[PDB]
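Enquirer: I am attaching a structure below and will ask some questions about it afterwards.
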Amino acid sequence: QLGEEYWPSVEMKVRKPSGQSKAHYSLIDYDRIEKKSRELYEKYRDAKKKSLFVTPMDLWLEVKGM
Amino acid sequence: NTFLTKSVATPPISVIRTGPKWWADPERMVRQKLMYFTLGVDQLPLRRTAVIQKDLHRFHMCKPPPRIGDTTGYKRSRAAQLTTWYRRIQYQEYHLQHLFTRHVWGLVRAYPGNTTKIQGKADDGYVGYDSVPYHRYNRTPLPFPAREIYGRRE
Amino acid sequence: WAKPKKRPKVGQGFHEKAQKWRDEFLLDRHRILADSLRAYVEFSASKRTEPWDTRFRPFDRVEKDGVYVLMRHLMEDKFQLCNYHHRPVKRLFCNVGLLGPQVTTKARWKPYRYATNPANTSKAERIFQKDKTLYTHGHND
Amino acid sequence: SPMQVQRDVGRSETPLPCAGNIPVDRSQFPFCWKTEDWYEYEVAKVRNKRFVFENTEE
Amino acid sequence: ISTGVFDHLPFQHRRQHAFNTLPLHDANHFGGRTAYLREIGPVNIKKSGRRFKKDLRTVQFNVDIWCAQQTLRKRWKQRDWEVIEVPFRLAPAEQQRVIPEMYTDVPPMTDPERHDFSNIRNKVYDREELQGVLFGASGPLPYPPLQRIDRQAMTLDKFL
Amino acid sequence: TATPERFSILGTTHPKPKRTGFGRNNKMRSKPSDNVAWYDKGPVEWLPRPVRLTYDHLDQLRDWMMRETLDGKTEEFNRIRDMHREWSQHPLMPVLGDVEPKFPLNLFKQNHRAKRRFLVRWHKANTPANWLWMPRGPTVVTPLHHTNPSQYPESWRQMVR
Amino acid sequence: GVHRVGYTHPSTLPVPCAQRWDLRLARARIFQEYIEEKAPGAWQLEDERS
Amino acid sequence: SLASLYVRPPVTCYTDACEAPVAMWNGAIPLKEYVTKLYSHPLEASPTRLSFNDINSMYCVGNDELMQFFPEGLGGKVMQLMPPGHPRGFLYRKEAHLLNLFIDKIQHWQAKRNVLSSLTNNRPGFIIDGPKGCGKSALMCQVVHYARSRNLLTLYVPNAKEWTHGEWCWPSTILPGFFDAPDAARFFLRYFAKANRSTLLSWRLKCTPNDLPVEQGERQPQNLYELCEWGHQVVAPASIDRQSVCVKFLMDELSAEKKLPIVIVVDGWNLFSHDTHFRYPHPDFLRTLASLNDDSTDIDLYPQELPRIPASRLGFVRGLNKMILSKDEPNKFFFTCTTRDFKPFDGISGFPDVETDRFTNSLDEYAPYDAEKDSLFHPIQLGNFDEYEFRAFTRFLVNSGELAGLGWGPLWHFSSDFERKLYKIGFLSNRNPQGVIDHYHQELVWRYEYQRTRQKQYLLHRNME
Amino acid sequence: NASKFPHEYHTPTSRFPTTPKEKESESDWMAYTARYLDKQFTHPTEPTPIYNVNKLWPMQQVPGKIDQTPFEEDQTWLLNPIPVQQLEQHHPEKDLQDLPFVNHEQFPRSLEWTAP
RNA sequence: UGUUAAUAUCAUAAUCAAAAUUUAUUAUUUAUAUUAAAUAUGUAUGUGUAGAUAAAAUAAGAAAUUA
Ligand SMILES: Nc1nc2c(ncn2[C@@H]2O[C@H](COP(=O)(O)OP(=O)(O)OP(=O)(O)O)[C@@H](O)[C@H]2O)c(=O)[nH]1
Ligand SMILES: [Mg+2]
């Protein structure tokens, strides 16, 4: 009885993002991802003469050496 | 297949005598019938034994039929031959089931329990990760890790 | 109920023979504890061999492909660091995240005692002949 | 309906059961329900054993 | 309803490995958890063997905690919702009444007068419908509005 | 510390002689048992170890079956069917007077172990190599199964006239 | 998941509302409830048998 | 009883081939008068002849037509009624007929564009909805056979459990920020190519790299089939990068081609509309630790739950939502499904008994689903069998398992007649399709049947008089 | 050097599961790909309601404390460092009665007693 | 079957913690994951393996030679 700042909140079982909105999660940044696809593909076509297997570690996966 | 430690050797007579507890385990008769209906084989033996044990379970809570006081005694070895035909039926069926599983395991490329012979891959029994560094039946030292049985493509 | 017989007298000087006996017993424990901690911590810091079993999927796949290529291309440094011990191995597997729950449900791991032999053993007599004087609860080589 | 079929042999089962016209509510019977319903119901029943205001104004 | 084995088995004589008999603490009981109560070999009773892997009540308590772990696994797996503390003003109307707490009143009905006695303790709301509430004033809706399925629409489901 | 290089009385104590034999009373020797399995007699060792098929294996088998069935392959199928036609023919009615011999009474105590020991040691020797009570061999006719792997329907381009 | 227990004031939201940890604090004040803080979030086990 | 004077009819189809030994199915299928059997193996009918008057009846597929039209295999449990001797028999359900007519409009979709839009409600294809216990994946297999008998390029995903729940997952090589499905897609290329070799030999590349890294002497891919052949006919672990390349550029091809009708049939899009059993690998797996004592690292010490990968994070689903969500492709038709192959959960759960678990190969998912809120597809409701389809399907089971001998055979005087075996099956299933398929099997242990002992008493009571 | 050795030093308050030390931004999959995979991703994290997410539900937990939620995969409990109850089994009220078999009672009151 | 109600005429032996096995009259946990709360058993891998021995017809499912 002093104001809404004390009205106790409700607990809503807010569902996680459904599939209709999970489907856009593959096309998010599709333009930049496909561009870096077209470039990484050229580095990969290069690399296939260097090693037996071309992992994404040498493409877009990155780690600090030490 | 998880259970790969050692197992206990029981004869068919006592494996069958467990009656409707495990021998006529209905959910095990079923799950071995599923191996047959997968492989595409007629289930003549398991169905014969299922018929026999359905009879025996239906007529377990009941009393035997009365004997007559015959010095000549024929009922005795006649019911004896009856029982021991039922028993032989079930011995054949025991062997059929065991064979089909130890062959299907070589087909699924799954490893059988310890010293469970699978003539689909190895003429002797599967020995590996055993409580003894000697062969349980050949007294041959085991390799580390467990011996390998099937191909490596899965 | 027969009247329980009194325990006879302990004897002469035995109170002090037990003194010296226990004395050199804890004396011997000194070295036993020393050597046992030596053996246990070398057991701890030693890079162990495989905890899994190669008799089940996904660890029955070839040593070139599938979860094995993931093992070489994400965790190959971590396992050699943490000494292949089955506990940290399975936890790095739980945190690799790209196998799901399988690091229990589908993966088959060696028993606790087949798991704790050092890297690259080829006998079955190793676990059954490990030293029995190092009171490591079997936590020694 | 089974309550209507005269299973009797000699005497005529007339009158028939007055239930011979009950509806069918999958929402009433058969008893189907979900498990959190079952649990919350029973544990709430259990915990509210004491919360009795024995002095109402009935 | 669960065809799992909840109870640890009575500590009795040694169950062998034959038909109908496993090790009392083999690798298959509780998904391999009997490793934490198993000891190996024909234990010397006097000198070896852990005194708490011989009793029945403590081993059964361990097993009970493990069963509870399992119930918790499956229960928290069963969530596609999260509890978002919406103020009173914005929550959709079914959450605007006096909802007694858990285990306080009968698990309350959503609304009787509107033909839905659905568990409001078990009513789940989607972000793409509560969008006007939470992040209404955050620019472009991070999710799209929901595409509906029309059941009056004359499609292959209506035999045309 | 400075662990003494001579031990006075503790190390001198009587040596508790290690347990000689194994098993009950640590006296059960190291010699063959009733439990030994045989790899020379039958595709199923006798006495067999208990196996247990699971639904995991039923599904793995069903999937293997889809693959070997859609790869045109029928050879392991006809192998299955032949190893089935080997052991699944009806065994003859036993001759009247032929019965599994129970262990004869009035030698051992009722609760003894030798009673079941003889039963297991005879049920071992009665191998599939000793199953003379069922029809097996080139002397058996099978009026219920198919005679040649050509009558199987996967080779159904053979019976056409 | 490894989630940081966050709690935003009743002032940051563009609708104020009494937040549940503050209500927890008011209750552990009224009925002198000890708030054990090492209480991990992954251990909300209930006694099924009970 | 007319066993010697019964002759075998000739061989023309696989169902003509799977006739059991007359002694086995002798009393099962009564031979009546030239004396011939009462029950018969159903005719291998083509869908182009299958029409309104095959409904609620059983047709089939021969081993040949099946090996022709299902090289990746079938869906979830679809080889359960197909042991070698069994003729693989499909029912012509009243919704499977609607799907066949939809495909009958497909191979001329261009003339029927507005036709199918009226038929799709602008929703991209149909998702088959219904509980666990229906004919979903088998329905999709019927649809696949339909289309491939119409010469349509059919991307048939046999299980979404394989795509979101493999034995492993990986970063997609040429798809930064994303992932691809290495082994499930390894099989996908191999079996989509070895399936549609017909269309993909004449197929020509539109938006693809003609500078593909090809092993020496191996021929550069110029067809769409050559792409996949180079894609899976390779040594590992090069196959994983080749396969992500193949998924991305094959999807670019399939989303670029505008003319040839394309069928895409996905079993269990509810396992595509959400997160995969893979999660993201630890950041401390992305930094090459230096030492253990003092690094502030708790991955070797304790596990934790890194957030879960939505299926939209794989490249195959990437192109698949790229086909669904991206319009202007009214050539592609998405007949996806809803699988309910998870383990159960009913308030409690102990530790499921290893040997006794019919859901071990179920996915530890438990999670809900909603056909409407979780799909762009239109729901086609395949509810449970009526006793109608139950009865037809079951007559097929209970009598062709005889005519191939797979069932009771010369022991037929022990399990009841059809009108009581079916009463028992339909009770124990509640007309449920799966309950029926498995209580036609659990029939072995039906330990409370008296039809045969009451009939034996009638015979050993009357055959006196 | 207390934290260098995780299992030696357990306060009579210390409790399990012992939470791990946190990395930078392990929060969700959007922030995960933003910092860890695709450093140039468009979205900072999953767009968050400005309100309160009681993820840890219904357990009210101390804010500012990095906590886990009750796990999902049945593996992590097998593969945690959680012990089993080895010594005696106490409850602060039941411990008056000292065992089940010797269950004590002050007065012979009914077990279904409805206290006023 | 130890502690119990009428025989007298050697001596204080009685748990409040931390304890010393010779006492027939006892069902131990068996190889994916092994020490966190009054502390809580470190020994015995071995062909289920001498001799003699244990229990049971009771919600489990047993079948035939009376004094
Ligand atoms: N031969 C044949 N079998 C069918 C048919 N319909 C159903 N079945 C059989 O019964 C199985 C179960 O039906 P489905 O709906 O396809 O199986 P499913 O539930 O999708 O499989 P999971 O996702 O693994 O649970 C079928 O997969 C087949 O084995 C059919 O039309 N022909
Ligand atoms: Mg399916």
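Readers should treat all values here as calculations from the given coordinates under stated rules, not as data from a laboratory. All Cβ positions, even for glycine, are placed from backbone atoms using ideal geometry, and neighbour counts span all protein chains on display.
Enquirer: Out of F:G72, F:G97, report the one residue that is more than 9 Å from chain B (Cβ to nearest Cβ) and more than 30 Å from H:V354 (Cβ to Cβ).
Expert: One residue alone meets the criteria, F:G72.
Enquirer: Quick check: is even one residue across region H:184-202 outside any loop (DSSP other than H, G, I, E, B) and either facing chain A (nearest Cβ under 10 Å) or within 16 Å of RNA strand J (Cβ to nearest atom) (or both)?
Expert: no
Enquirer: Which ones in region H:150-178 are over 17 Å from the mean Cα position of the chain (by Cα) and of a type in the set (S, T, N, Q)?
Expert: Residues satisfying the conditions are H:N151, H:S172, H:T173.
Enquirer: On the given criteria, is H:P303 away from ligand 1 (no atom under 16 Å from the Cβ), crowded, with 21+ Cβ neighbours inside 10 Å and closer than 29 Å to I:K55 by Cα?
Expert: Considered against the rule, which asks whether it is away from ligand 1 (no atom under 16 Å from the Cβ), crowded, with 21+ Cβ neighbours inside 10 Å and closer than 29 Å to I:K55 by Cα, H:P303 comes out as yes.
Enquirer: Restricting attention to region E:1-37, which residues are at the interface with another protein chain (Cβ under 9 Å from one of its Cβ atoms), part of a loop (DSSP other than H, G, I, E, B), on the phi < 0 side of the Ramachandran plot and not hydrophobic (A, V, I, L, M, F, W, C)?
Expert: Passing the criteria: E:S2, E:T3, E:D7, E:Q16, E:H17, E:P23, E:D26, E:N28, E:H29.
A quick yes/no check of all residues on (1) of a type in the set (D, E); (2) within 15 Å of RNA strand J (Cβ to nearest atom); (3) crowded, with 19+ Cβ neighbours inside 10 Å:
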{"position": "F:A2", "(1), (2), (3)": "no, no, no"}
{"position": "F:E5", "(1), (2), (3)": "yes, no, no"}
{"position": "F:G11", "(1), (2), (3)": "no, no, no"}
{"position": "F:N35", "(1), (2), (3)": "no, yes, no"}
{"position": "F:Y39", "(1), (2), (3)": "no, yes, no"}
{"position": "F:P48", "(1), (2), (3)": "no, yes, yes"}
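Enquirer: Given the conditions (1) at the interface with another protein chain (Cβ under 9 Å from one of its Cβ atoms); (2) closer than 24 Å to C:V67 by Cα; (3) aliphatic (A, V, I, L, M), and given that C:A119 satisfies all but one, which numbered condition is not satisfied?
Expert: (1)
Enquirer: Counting only residues that are within 12 Å of ligand 2 (Cβ to nearest atom) and farther than 23 Å from H:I262 by Cα, which one in region H:121-140 is nearest to the other protein chains (Cβ to nearest Cβ)?
Expert: The residue in question is H:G130.
Enquirer: Which residues, taken from region I:47-67, are surrounded by fewer than 16 Cβ atoms within 10 Å (Cβ to Cβ) and within 11 Å of chain E (Cβ to nearest Cβ)?
Expert: Scanning region I:47-67 gives I:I50, I:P58.
Enquirer: State the number of residues belonging to region I:68-116 that are in contact with a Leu (Cβ under 8 Å, 6 or more places away or on another chain) and either within 14 Å of chain G (Cβ to nearest Cβ) or at positive phi (or both).
Expert: Summing the residues that are in contact with a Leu (Cβ under 8 Å, 6 or more places away or on another chain) and either within 14 Å of chain G (Cβ to nearest Cβ) or at positive phi (or both) in region I:68-116 gives 5.
Enquirer: May I pose another question? Quick one: in region B:33-71, of everything that is closer than 23 Å to B:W22 by Cβ and of a type in the set (D, E, K, R), which residue is nearest to ligand 1 (Cβ to nearest atom)?
Expert: My answer is B:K33.
Enquirer: Here is a further query. Failed condition for B:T2, given (1) of a type in the set (V, I, T); (2) part of a helix (DSSP H, G or I); (3) facing another protein chain (nearest Cβ under 7 Å), with all others met?
Expert: The one condition B:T2 does not meet is (2).
Enquirer: Name the pairs: first residue in region E:78-91 and farther than 17 Å from H:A367 by Cα, second residue among the acidic types (D, E) and buried (at least 23 other Cβ atoms within 10 Å of the Cβ), Cβ to Cβ under 6 Å, at least 6 apart or on different chains?
Expert: none
Enquirer: Further question on the same structure: Which residues, taken from region H:57-85, are within 14 Å of chain B (Cβ to nearest Cβ), in a loop (DSSP other than H, G, I, E, B) and away from ligand 2 (no atom under 16 Å from the Cβ)?
Expert: H:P83, H:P84, H:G85
Enquirer: Still on this structure: Evaluate region G:8-21: report whether one residue or more is closer than 30 Å to E:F61 by Cβ and more than 7 Å from every other protein chain (Cβ to nearest Cβ).
Expert: Scanning region G:8-21 turns up no residue that is closer than 30 Å to E:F61 by Cβ and more than 7 Å from every other protein chain (Cβ to nearest Cβ).
Enquirer: Looking only at residues that are at the interface with another protein chain (Cβ under 10 Å from one of its Cβ atoms) and touching a strand residue (DSSP E or B) at 6+ places or on another chain (Cβ under 8 Å) in region H:171-183, which one is nearest to C:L74 (Cα to Cα)? Break it down into steps so the answer makes sense when it comes.
Expert: Step one: list which residues in region H:171-183 are at the interface with another protein chain (Cβ under 10 Å from one of its Cβ atoms), which gives H:171-180, H:182-183.
Then drop every residue that is not touching a strand residue (DSSP E or B) at 6+ places or on another chain (Cβ under 8 Å), which leaves H:171-173, H:178-180, H:182.
Working: H:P171: 11, H:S172: 14, H:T173: 14, H:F178: 16, H:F179: 15, H:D180: 16, H:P182: 16 Å.
Residue satisfying both the conditions and the ranking: H:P171.
Enquirer: Report whether or not E:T34 is more than 16 Å from ligand 2 (Cβ to nearest atom), buried (at least 17 other Cβ atoms within 10 Å of the Cβ) and within 34 Å of the chain's Cα centre (by Cα).
Expert: Spelling it out, E:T34 is indeed more than 16 Å from ligand 2 (Cβ to nearest atom), buried (at least 17 other Cβ atoms within 10 Å of the Cβ) and within 34 Å of the chain's Cα centre (by Cα).
Enquirer: Here's a follow-up. For region H:387-409, check the following and say yes or no: at least one residue is more than 11 Å from every other protein chain (Cβ to nearest Cβ) and either basic (K, R) or part of a loop (DSSP other than H, G, I, E, B) (or both).
Expert: Within region H:387-409 (the criterion being more than 11 Å from every other protein chain (Cβ to nearest Cβ) and either basic (K, R) or part of a loop (DSSP other than H, G, I, E, B) (or both)), the answer is yes, since at least one residue qualifies.
Enquirer: Here is a follow-up. Go through region H:86-158 and tell me which strands (runs of 3 or more DSSP E), entirely inside it, have 2 or more residues that are under 30 Å from B:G40 (Cα atoms).
Expert: H:88-91, H:153-157
Enquirer: May I ask you to verify whether F:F108 is within 14 Å of chain B (Cβ to nearest Cβ), more than 16 Å from ligand 2 (Cβ to nearest atom) and farther than 30 Å from H:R8 by Cβ?
Expert: no
Enquirer: Right, another one. Given the criterion closer than 14 Å to H:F385 by Cα, away from RNA strand J (no atom under 16 Å from the Cβ) and within 14 Å of chain B (Cβ to nearest Cβ), identify the matching residue among H:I425, H:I437.
Expert: Selected residue: H:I437, the only one of H:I425, H:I437 that is closer than 14 Å to H:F385 by Cα, away from RNA strand J (no atom under 16 Å from the Cβ) and within 14 Å of chain B (Cβ to nearest Cβ).
Enquirer: Limited to region E:58-105, what total is found for residues that are within 13 Å of chain G (Cβ to nearest Cβ), of a type in the set (A, V, I, L, M, F, W, C) and in a helix (DSSP H, G or I)?
Expert: The number of residues fulfilling the criteria is 8.
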